[PDB]
Each structure stands twice: as C-alpha cells, then as structure tokens.
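Quick heads-up: it's one chain on its own, the form solved without the DNA, in structure tokens.
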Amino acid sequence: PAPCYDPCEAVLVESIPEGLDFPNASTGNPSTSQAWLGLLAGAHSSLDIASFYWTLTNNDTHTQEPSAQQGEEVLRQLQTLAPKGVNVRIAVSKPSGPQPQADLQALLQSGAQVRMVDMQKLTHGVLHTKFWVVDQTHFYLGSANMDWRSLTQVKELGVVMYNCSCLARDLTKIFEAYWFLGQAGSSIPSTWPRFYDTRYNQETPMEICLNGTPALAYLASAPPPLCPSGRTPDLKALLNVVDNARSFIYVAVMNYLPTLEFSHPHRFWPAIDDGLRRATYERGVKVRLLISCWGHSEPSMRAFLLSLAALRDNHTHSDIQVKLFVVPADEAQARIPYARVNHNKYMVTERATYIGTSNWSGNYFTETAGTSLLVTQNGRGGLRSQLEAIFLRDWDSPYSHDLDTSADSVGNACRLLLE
C-alpha cells in the first residue's frame, strides 16, 4: 500500500503497584496515569475510549483508600473535555447486573456520548478491549481498565504510540464497529461495509517510522463476527508470531487455558497449546511462560501448565519453563477487591512484538472482543528490546515463583500452588 511518513514514537507504559520495588532501576518507564493525564491534556479534537467497566472513584468500589486520587484525577479531567468541544465517545460493555454507573453518568451530563454494547447477545461474550484514540493522532493500547486500582494497585503494561496518524486511524475503524453495535437494536451485518474495512493486515502490514527506524505494524481484532475481510483475526496474528520464532518466545499473560471457558460441556481448545509445543520440539525455540496467580484464578489452570512444563529434558531437546507471578498483598491491600494481580498480556520473540488486551483462553478469540498490536522491526534495539527487558525484569524477580512453590511462601493467596 502507501507508507506512513508520520514520526511515530512508541512508549511502553506500565503501572507498578504500591509495594512492588525492582532494585534494577534501569528501565524507567512512565506510569499509565502519567501517560493518560498527558494524553487528556493535549486532547483538542476527539477522544474515543473502549472500556470494560468504569470504577474510577471510591464510590463504586465502596472503599476509603487514599490510593484512588490518581483514578479520581483522571475522571476530573475527563469531565472537562466536553466543555472545550472535544467529541468524547465511549463504548462500554453492558453490565450483567443492575450495577449503577456513577462515573458514566458523570460524563453523560458533561457532554460525552456513552453507548453500552450487548456482547452477550451479539457474540455471547463481553467487550474486553481497552484502548484510547486521542485526536486520531495518539492512541493507547494496553490492559488497563478504567479503574483507580488499575493505576496504583495492580500491575499492567500498555503502549502509547504518539504522533502516528496512520496507525491511530486504523484503530478508529475497530472502535467504529463497537460504536455501530452500541446502537440499540443493531445486529452484526453479514458483511461489514467498506467503512470498517482495512488494508493493513498480516500479509501486508503498514510501514511506519518507529523512532526513525522503519518498522512494520498491523492491528488484529476479535471476535471474527466483527472482523471485516481485511482485518487479521487475533488468533491468526498470535499464532503467526509463535510460528515465525526461531530463538525464543517470551509470554506474560494473566490466564492461560487451552479450553473454551464458561462454555459447557468443557470444550478443549488446543490452538495456542499446539503452537508452543511445535516451537520447542520442531525448532530450538526456548519458551518462557509467566502466568499471574491470585485468589480468583481458575484452579483448573494448574493441570494444563504442569502438562506444558513437563516437556523439558536433554532427550527431547525442548525448553519450556513456566513461572507464576504473584503480587504480594498486606491486610490493607487485601481489603480492596480485585486489587493485587499482574494484568500484563503480551508476547516477545527474537524478531516480533505482540501486545494484546485479551487473555489466552478460548473465548477471548471466538466470542469476546479484543485487540492486539503487532510490531516487527529490523535490527537490534527499538520497541522489542525494551519489551524484552521488561519480561526479564519480571522473570528474574522475587515475585515470580516456580509451579512447585508452597502457596504460603508467596505474599498473596495463590490458588494454583499446592499447600
């Protein structure tokens, strides 16, 4: 197609929970709150937000923790955009129960437009996607929800791509699909119109200038019902990175189940499981898996992880290591619900970078909405090296433990560890 001449600059943003300290103070990345506040300050034309839920203040959480100031500050700034003329459009998954939306109603009276999307009817899933589009020039893609706990209590990772007009405009078309479906009584068309179609797929990714160095990038979405003809499915993009890896594969995802969860009877789903086994056996690829464990983790997830870590010995010449990332929690942090977990969902190889917003279960690629960014770059350094250094910081950390560790040793209440 046509190349993008915009001076695209990519910044890796992550939120470090209070109490998590890394002695190797060498990465130094901006926090999600700092990036969000900077994005809101420079917004003057439009702002498109796709979110799972809105719990940006202490009222919805029904708590009195003083760590919600950063979350409240974002909400305070969001209420000032509409008066200045910024077209704020928010797509939020419709809650299952009758939960009041104090934050969304606050923005509704300010002048924003909020639309609830019934994923449970259209695709029998939810809207797990999380991204921003500011002025169609800068976009944020990551795992951070609209929580005050997502900025100070949980550990996350996202990417803010500045001054990339061509790439942000591609993300808008994904948001246009949710905006169209948010309309009451609107069903999924058999074929999407050209408006939502894209020409930058896996086969022909777009060419950008990431910090000067040329690179190839393309966006992959889910579920298929919503993907137009030119959009690469998220599972296909995920498997392509695993198939093309030749040296190593680094995966840090909160949950990994090779099963269609919720759907009963238990459906087996060996899509990503087979890709990892092929990589380590057929090729000399070393695979490192970093999974997050907390009180609400599925206990069935351990059996499928022990079945994967078993394939590592001299005879088979395979190398799979599985480690659990447990965020320590004291009594004060334990009182906050859904507050101490590692939320990062991304994959790093020796040649490609994958950053997604959906877990690695079966429903997140067939029923649940989601979006992932795939950037490849020639030569050493760049975004891939920065992301690789983050993974190694987590891997060689006191908060990452093996699968045979006693559950008392870790700071939190891990359900995947025996005794």
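Counting begins at 1, following the sequence as shown.
Just so it is clear, the following notes concern the form solved in complex with the DNA, a form of the same protein that is not shown.
Interface stretch in the deposited complex with the DNA - options 270-278, 67-75, 188-196, 126-134, non-hydrogen atom within 4.5 Å: Going by heavy atoms within 4.5 Å, the stretch is 126-134.
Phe52, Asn255 and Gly295 all contacting the DNA in the deposited complex, non-hydrogen atom within 4.5 Å: Yes, the whole trio is in contact, each within 4.5 Å by some heavy atom.
Interface residue in the deposited complex among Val326, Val154, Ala222, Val348, criterion: non-hydrogen atom within 4.5 angstroms of the DNA: Filtering the options by heavy-atom distance leaves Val154.
Contacting member of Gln377, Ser33, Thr368, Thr371, with respect to the DNA in the deposited complex [4.5 Å, heavy atom]: Exactly one listed residue reaches within 4.5 Å, namely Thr368.
Close approach of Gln101 to the DNA in the deposited complex, 4.5 Å, heavy atom: Contact with the DNA, no.
The DNA contact in the deposited complex: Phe180, any heavy atom under 4.5 Å: The answer is no: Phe180 has no heavy atom within 4.5 Å of the DNA.
Heavy atom of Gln120 within 4.5 Å of the DNA in the deposited complex: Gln120: yes, in contact with the DNA in the deposited complex.
4.5 Å heavy atom contact, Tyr338 to the DNA in the deposited complex: Flag for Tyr338 set to yes.
Within 359-374, the residues that have a heavy atom no more than 4.5 Å from the DNA in the deposited complex: Heavy-atom contacts within 4.5 Å come from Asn359, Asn363, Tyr364, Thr368.
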